[PDB]
Amino acid sequence: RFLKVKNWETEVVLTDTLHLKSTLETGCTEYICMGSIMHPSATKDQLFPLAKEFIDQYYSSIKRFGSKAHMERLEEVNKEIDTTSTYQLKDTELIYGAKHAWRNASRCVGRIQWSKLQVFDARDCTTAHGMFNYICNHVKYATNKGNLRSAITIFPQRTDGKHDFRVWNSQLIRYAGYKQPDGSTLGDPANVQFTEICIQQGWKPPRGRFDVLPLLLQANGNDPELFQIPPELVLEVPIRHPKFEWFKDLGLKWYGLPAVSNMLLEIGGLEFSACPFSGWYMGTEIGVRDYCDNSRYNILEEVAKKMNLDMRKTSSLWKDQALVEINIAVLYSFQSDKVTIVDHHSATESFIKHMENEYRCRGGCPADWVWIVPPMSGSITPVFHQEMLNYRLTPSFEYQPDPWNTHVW
Amino acid sequence: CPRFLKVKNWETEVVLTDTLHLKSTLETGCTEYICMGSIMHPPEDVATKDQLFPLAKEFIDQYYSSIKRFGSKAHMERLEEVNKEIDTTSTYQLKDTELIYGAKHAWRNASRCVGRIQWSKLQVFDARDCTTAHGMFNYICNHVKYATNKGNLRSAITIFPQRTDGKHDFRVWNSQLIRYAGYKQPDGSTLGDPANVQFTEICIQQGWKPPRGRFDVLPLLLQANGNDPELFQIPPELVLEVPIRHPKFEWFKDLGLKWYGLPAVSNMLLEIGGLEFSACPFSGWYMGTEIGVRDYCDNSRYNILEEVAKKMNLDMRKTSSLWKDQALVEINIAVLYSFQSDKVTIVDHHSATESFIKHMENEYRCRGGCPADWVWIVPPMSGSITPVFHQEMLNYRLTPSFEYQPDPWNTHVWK
Ligand code: HEM
Ligand code: HEM
Ligand SMILES: CNCCCc1cccc(CCc2cc(C)cc(N)n2)c1
Ligand SMILES: CNCCCc1cccc(CCc2cc(C)cc(N)n2)c1
Ligand SMILES: C[C@H](O)[C@H](O)[C@H]1CNc2nc(N)[nH]c(=O)c2N1
Ligand SMILES: C[C@H](O)[C@H](O)[C@H]1CNc2nc(N)[nH]c(=O)c2N1
Ligand SMILES: [Zn+2]
């Protein structure tokens with residue numbers, strides 16, 4: 001079927017044909033929808049049709065479907081799968097696969113940029129020291145003195161499952177979290193477990209509120225190893241407020257480079273368990289979730305107090321006032337330090353434009369409303385009013401288990 | 001489908017187990033290859049004899065299970081009396097007790113409603129003896145006055161006769177009992193509520209004389225027994241309204257905003273045991289954001305962010321200053337303050353969502369689940385600083401239920 005999606009603000013109706021091409025499951029059925037579940041539920045024989053499908057859409061994308069080059073590649077991949085229990089992507093294929101996995105990421109609001117992605121091939125890597133060198137170069141390239149540039153670094157694909165390359169950090173750059181005797185938590189509570197694994201591995205914690213975690217790198221199934229990122233490569237921003245001169249005294253900072261390192265890139269049936277990728281921040285990521293989640297840095301009440309707000313009744317919306325002021329500060333700080341950042345109004349605007357683009361040239365755009373709508377001021381951004389269809393296209397980024405649950409030393 | 005499904009809360013790590021989904025009765029719109037969770041709405045004939053039997057049995061069984069009389073003499077006797085009735089008259093009539101049970105459970109089952117902690121406290125008015133539009137008018141006035149209660153609002157539903165052959169439907173043509181008119185001007189601007197322009201034009205055609213103001217209460221347009229609909233003015237003393245003022249900004253009063261106290265949906269269809277109640281207006285009380293964020297600040301609605309931002313002396317040329325966000329909070333502070341001051345029941349989105357989490361947890365324990373539509377349950381401002389944002393939810397359709405239905409002017413055969 002052709003499916004329609006309506007924007008209820010503009011009455012614009014788009015027509016989705018692209019969904020007919022998906023094979024992977026969403027988790028929903030005709031009787032139960034799991035649209036708000038965060039994580040719902042290879043061999044020679046499995047591997048070839050997947051390989052064939054990806055190769056097919058690649059040569060289709062470059063308008064050479066059924067070409068001699070196409071036929072040979074199909075033949076080449078078959079004999080290699082047969083003889084080696086796997087196969088290797090051409091460079092052009094790797095780049096195409098990585099850009100399209102971003103393009104297909106239904107939960108990403110930043111996808112208007114999908115084709116501007118710098119791809120670093122690290123499939124010749126064999127050691128954690130190698131991984132560290134590769135990741136350092138990535139961080140340096142992507143940070144670019146504040147003029148952030150999208151990048152992905154791709155390490156060797158999974159083979160027998162026992163020689164996995166893994167970045168054990170969930171992001172390349174995050175702040176430590178410490179469990180106080182107090183019972184309270186210093187730093188970022190989200191990272192308390194990982195911080196303790198690093199300490200247990202020999203890392204000497206400064207026990208501060210914003211200590212950059214070391215890299216914990218696993219290469220070829222071996223034990224992971226600790227590395228400190230050279231600090232001149234770690235760009236950070238002191239958060240200050242344009243009208244509240246007391247905001248600086250709060251002592252808040254964040255890092256400029258968002259770099260997810262715990263996901264799995266899947267291309268043509270090949271699995272890349274280590275593929276750190278980075279872009280730039282949407283302000284709410286920091287100002288709403290990182291800072292104001294009860295299970296994170298949880299600063300709302302501190303801020304509302306310096307704002308001298310009545311905090312006795314919820315209906316004074318003191319939390320909503322403090323939240324807006326915090327997010328103003330973050331945007332103002334990054335902008336003032338010339339560090340790339342986008343606000344949720346601009347970002348969601350761009351995404352509606354991107355959707356339109358994708359429907360026009362590709363016949364659809366998979367999108368996850370639950371994730372796309374910003375965590376504050378939802379209905380005054382255009383994506384709130386935009387119906388979206390969610391479905392799974394490959395190449396893709398997938399979740400994988402945390403390494404400390406499968407690996408033994 | 002698996003017998004046990006798990007939902008997690010990511011803020012509190014609390015995990016809940018759902019078994020109620022097994023009783024799901026029809027389509028969500030989703031398939032295993034595509035999710036339609038953000039789609040708003042995913043023949044003039046009626047249920048046949050053979051279609052009606054198992055639907056009725058299913059409901060009656062469920063009713064007698066709820067009163068701990070499953071398999072009793074009374075249960076089996078009711079089943080037989082219903083069956084005889086469907087067989088000889090092609091339909092059947094609900095007992096008052098079943099009617100009340102069914103309405104309460106349609107609310108309880110309403111996956112998009114955050115106020116369901118209140119579901120068992122619902123005044124049901126049986127208007128199945130109604131025959132004319134004047135009678136519908138009488139019943140609706142009585143509803144409004146009861147539910148309003150001088151500002152101490154009480155949830156209520158009034159239920160008109162069920163559908164028979166489909167050519168004799170009772171319908172309230174209004175989408176809500178109380179709403180403000182909208183008027184398209186020759187120059188393209190809109191006066192009043194742009195959402196209601198179509199319906200307003202219908203009323204005007206039907207004989208209504210429009211004051212052509214910013215907040216004119218619309219008349220009722222009421223259809224009884226499949227006849228042409230008729231106009232009635234709701235007595236203005238029965239329409240409680242709240243002028244919007246702000247605790248700090250004294251200029252806010254000058255914006256001349258007000259809203260009505262009673263939210264009352266009148267265009268949905270109530271389905272009980274396969275019976276179809278096409279006119280079933282129900283009402284509760286407002287969550288502040290419904291008015292402060294959607295009614296006032298949607299671009300296609302009253303759209304007042306700009307005017308408010310101006311009076312707040314905010315820098316409005318860069319989006320990153322968050323001038324829209326700042327004014328939105330203030331508008332919603334005013335709405336809550338104005339309702340509380342006039343002692344009209346209202347709930348803020350923090351209190352409401354926390355109550356719904358408690359409600360949901362209780363439902364999981366006593367009922368084995370609680371269907372919920374995250375896209376609708378999460379508030380339209382400040383989403384992640386409410387507890388429902390972090391709550392995984394399962395969405396599925398149980399019956400009895402409230403359902404959407406075509407707009408009556410689209411289907412009506414004019415006499
Ligand atoms: C360039 C600027 C970018 C912006 C502004 C952006 C924005 C976002 C945001 C706000 C989210 C929600 C994540 C959360 O709430 O935790 C997200 C998710 C995601 N992004 Fe993007 N992103 C950008 C670049 C990228 C790049 C370069 C990639 C990969 C090459 C990418 C892949 C993804 C994926 C796979 C998700 C889903 C996360 C999950 O399922 O956990 N994004 N993005
Ligand atoms: C008593 C206090 C109540 C509160 C605070 C409340 C709150 C809400 C809210 C905020 C919505 C979303 C509305 C929107 O965004 O348009 C909603 C939807 C809904 N409510 Fe409740 N409600 C209440 C009472 C009731 C009652 C008494 C019923 C039925 C007997 C009911 C049935 C529904 C239904 C069926 C929807 C679905 C909306 C749709 O799909 O169009 N509610 N409610
Ligand atoms: C269990 N989830 C693990 C991954 C969590 C995650 C995945 C992808 C993105 C994010 C948010 C961080 C981010 C990443 C990127 C590339 C850009 C951005 N603005 N923000 C978190
Ligand atoms: C397509 N229109 C169908 C009805 C739209 C609608 C249904 C249910 C609720 C609402 C919002 C009004 C409302 C009703 C009730 C009972 C309570 C409340 N807080 N708010 C709109
Ligand atoms: C329960 C729900 O799935 C979960 O809280 C989601 C909701 N939407 C989100 N949206 C974004 N962008 N990021 C998130 O982490 C989440 N969390
Ligand atoms: C496209 C999207 O489903 C639509 O804008 C929804 C989003 N969530 C909503 N949530 C509520 N409570 N009410 C609404 O009208 C909507 N609109
Ligand atoms: Zn779904």
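Just so it is clear, the values below take in all heavy atoms, side chains as well, and ignore hydrogens, waters and symmetry mates. We name chains A, B, ... by the order of the sequence lines, and we start the count at 1 in each one.
Among residues at least two apart or in separate chains, salt bridge (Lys or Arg N to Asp or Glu O under 4.0 Å) pairs with a member in residues 284-298 of chain A are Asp188(A)-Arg296(A), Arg289(A)-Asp293(A), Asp290(A)-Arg296(A). For residues 384-393 of chain B, the set of pairs meeting the side chain to side chain donor-acceptor pair (under 3.5 Å) definition, not counting sequence neighbours, comprises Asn9(B)-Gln391(B), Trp10(B)-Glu392(B).
Listed here is the closest heavy atom pair of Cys370(B) and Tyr364(B): N-CE1, 3.8 Å. In this structure, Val330(A) and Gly283(A) approach most closely via the heavy-atom pair CG1-O, 4.2 Å.
Side chains of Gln193(A) and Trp404(A): a donor-acceptor N/O pair is present below 3.5 angstrom, by distance only. Between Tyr101(B) and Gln62(B), the side chains place a donor N or O and an acceptor N or O closer than 3.5 Å (distance only, hydrogens not considered). Counted by atom type alone, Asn169(A) and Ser261(A) present zero donor-acceptor pairs between their side chains at under 3.5 Å. There is a side-chain donor-acceptor pair under 3.5 Å between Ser315(A) and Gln340(B). No side-chain donor from either of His344(A) and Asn327(A) sits under 3.5 Å from a side-chain acceptor of the other.
With sequence neighbours excluded, the residues that form a side chain to side chain donor-acceptor pair (under 3.5 Å) with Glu354(B) are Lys358(B). For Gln405(B), the side chain to side chain contact (heavy atoms under 4.5 Å, CB included) test picks out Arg163(B), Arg171(B), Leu269(B), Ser278(B), with sequence neighbours left out. Applying the ring-ring contact (aromatic ring centres under 6.0 Å, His included) criterion to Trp374(B), with sequence neighbours excluded, gives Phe389(B). Applying the side chain to side chain donor-acceptor pair (under 3.5 Å) rule to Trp119(B) yields no partners; only residues at least two apart in sequence or on another chain are considered. Residues satisfying the ring-ring contact (aromatic ring centres under 6.0 Å, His included) criterion with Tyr175(A), sequence neighbours excluded, are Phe210(A), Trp254(A), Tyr255(A). Every residue two or more places apart in sequence or in another chain that forms a side chain to side chain donor-acceptor pair (under 3.5 Å) with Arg365(B) is listed here: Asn362(B). For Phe339(B), the ring-ring contact (aromatic ring centres under 6.0 Å, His included) test picks out no residue, with sequence neighbours left out. In this view, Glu266(A) satisfies the side chain to side chain donor-acceptor pair (under 3.5 Å) rule with no residue, not counting sequence neighbours. Checked against side chain to side chain contact (heavy atoms under 4.5 Å, CB included), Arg112(B) has the following partners two or more places apart in sequence or in another chain: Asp373(B), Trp376(B), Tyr404(B). Not counting sequence neighbours, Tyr396(B) has no partner by the ring-ring contact (aromatic ring centres under 6.0 Å, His included) test.
The residues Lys8(B) and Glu13(B) are annotated as salt-bridged, a charged nitrogen and a carboxylate oxygen being separated by less than 4.0 angstrom. Comment: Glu363(B) engages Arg108(B) in a salt bridge, judged by a side-chain N to carboxylate O separation of less than 4.0 angstrom.
Checked by atom type and distance alone, the side chain of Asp348(B) pairs as donor or acceptor with a backbone atom of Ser351(B) at under 3.5 Å. Formation of a donor-acceptor pair under 3.5 Å by the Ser396(A) side chain with backbone atoms of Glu398(A) is not found in this model. Under a 3.5 Å cut-off, the side chain of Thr29(A) and the backbone N or O of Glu32(B) do not form any donor-acceptor pair.
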For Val388(B) and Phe356(B), run side-chain contact (heavy atoms from CB on, under 4.5 Å): C-alpha distance rounded to whole Å, both residues' side-chain angles, the deciding distance at 0.1 Å, then the answer.
CA-CA 8 Å; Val388(B) 290; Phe356(B) 179 80; 4.0 Å; yes

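Here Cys113(B) contributes atom SG and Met287(B) contributes atom CE; the two are 9.5 Å apart, rounded to the nearest 0.5 Å. Separating the CG atom in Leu300(A) from the SG atom in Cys292(A) is a distance of 3.5 Å, to the nearest 0.5 Å.
The aromatic rings of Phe59(B) and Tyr63(B) lie parallel to each other, with less than 30° between the two planes, well short of the 60° mark.
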